[PDB]
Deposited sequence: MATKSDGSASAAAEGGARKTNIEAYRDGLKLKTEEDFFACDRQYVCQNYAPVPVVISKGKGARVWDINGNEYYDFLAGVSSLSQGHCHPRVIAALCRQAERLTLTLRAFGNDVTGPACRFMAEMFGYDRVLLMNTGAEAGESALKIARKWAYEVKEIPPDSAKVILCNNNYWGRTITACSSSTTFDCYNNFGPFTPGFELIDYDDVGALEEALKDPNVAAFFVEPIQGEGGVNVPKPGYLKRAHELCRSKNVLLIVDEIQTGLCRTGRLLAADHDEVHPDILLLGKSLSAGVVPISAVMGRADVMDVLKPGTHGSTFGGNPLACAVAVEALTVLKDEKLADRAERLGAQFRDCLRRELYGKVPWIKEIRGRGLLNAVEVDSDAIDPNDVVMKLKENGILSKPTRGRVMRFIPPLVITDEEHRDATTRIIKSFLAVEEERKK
């Protein structure tokens, strides 16, 4: 049987990429800015004309397990035929066991399941505030949260209120108060911010994602945790982009040996199949959310839970932390040896595991020529902040595939440089 979307699309006679871009332009809210993908499998996607590419954005680390992982799809399909949604107003035979699975895997007492990263962030801030008011006993409406410049956690009004990125906040106010912004990767600024006794939490990414793959100094996060703990301030660690093996370890916080007070997960939690996010913490923090104080229609639905248990298990069974660590060190090494020196407009090669970036001098080169050239050579990515090229493949990428992609990526940077010399 043809699905309704397929039958409906056939009647439109969208044959070329430009037909799809025109349909897009006419009917889709125009809040995004080259290719029309119809199929994905593992590390590979295919456009509507049958051309193959490596996906080096991977849902900005939502597709760590690869596109259309057969185990994840089987778990989806099996659960979807049985039960998808009950609400948390009724019990069911999936939510409990799934939260226990997550509790045991990440080492926490309680799991709050929500749907998106932004909801996980809001839920953590809410928990941190109510905890501050109720357990830490700080004055009513006075709770503060410390975040870092160039953070990204969502697009809610409150997320906009805690952004330093002009386009994220501009003309969406007035703003939620209670945020203090400091420099990333700066313990001094954190110590200084931590003198205010009304601070409920410090909310931080172990590597800043959308900010430009800003990898902090080794130990930064341990130091930050020590400072938070000595002031009775919760360390909220956002691993929505950096967790789940992406950096070579189950949590990017494992590098600095930090167990977050509140952990956020998302994205690859579902292998990019359905939106599910998680907030985890110890009992005396998470239990501030009493009945009726927080909710979500779809949060914890049995379909997402079944998908997430399968997705998480893929990470472990395919040993994807080891694969990210190994391949990623080889990637950065090749790019350093074959590009530093030969390509003067490369500012920095940086990353951990398979979360990598090449920042370029956008005064010396058009970054978009790198993007175009990459696509020409079978590599799809999208930079952040104009000038930071991102390289974020599915972790399941094979040794042969990764060698091949690395060659095409290097060849792309070199072809842009040769064209510049003329």
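Counting the deposited sequence from 1, the stretches lacking C-alpha coordinates are 1-17, 51-52.
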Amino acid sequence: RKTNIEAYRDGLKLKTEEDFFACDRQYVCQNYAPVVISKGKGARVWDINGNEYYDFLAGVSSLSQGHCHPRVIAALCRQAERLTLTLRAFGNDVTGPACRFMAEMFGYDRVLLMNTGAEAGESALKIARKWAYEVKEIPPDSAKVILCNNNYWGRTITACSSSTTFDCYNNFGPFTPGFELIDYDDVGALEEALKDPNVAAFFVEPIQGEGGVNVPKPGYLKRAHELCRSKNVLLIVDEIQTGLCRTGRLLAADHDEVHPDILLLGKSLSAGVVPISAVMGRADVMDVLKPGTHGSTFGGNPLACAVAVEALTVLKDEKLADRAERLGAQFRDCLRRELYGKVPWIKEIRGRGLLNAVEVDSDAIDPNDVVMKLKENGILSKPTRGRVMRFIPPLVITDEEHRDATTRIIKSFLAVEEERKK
From here on, numbers count along this sequence of modelled residues.
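Mean CA B-factor, 89-97 versus 131-139: the higher value falls on 131-139.
When the C-alpha B-factors of 151-159 and 298-306 are averaged, 151-159 comes out higher. The maximum CA B-factor among the listed residues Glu348, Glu119, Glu81, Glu205, taken from the PDB record, is found at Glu348. Across the options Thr164, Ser268, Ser277, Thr242, the residue with the most elevated CA B-factor in the record is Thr164.
Among the modelled residues of its chain, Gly378 has a C-alpha B-factor that falls in the middle third according to the deposited record. When the CA B factors of the chain's modelled residues are split into thirds, the value for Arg387 lands in the highest one. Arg71: CA B factor in the lowest third of modelled residues in this chain (values from the PDB entry). Among the modelled residues of its chain, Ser62 has a C-alpha B-factor that falls in the lowest third according to the deposited record. Residue-level temperature factors show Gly188 in the highest third of its chain, judged at the C-alpha atom.
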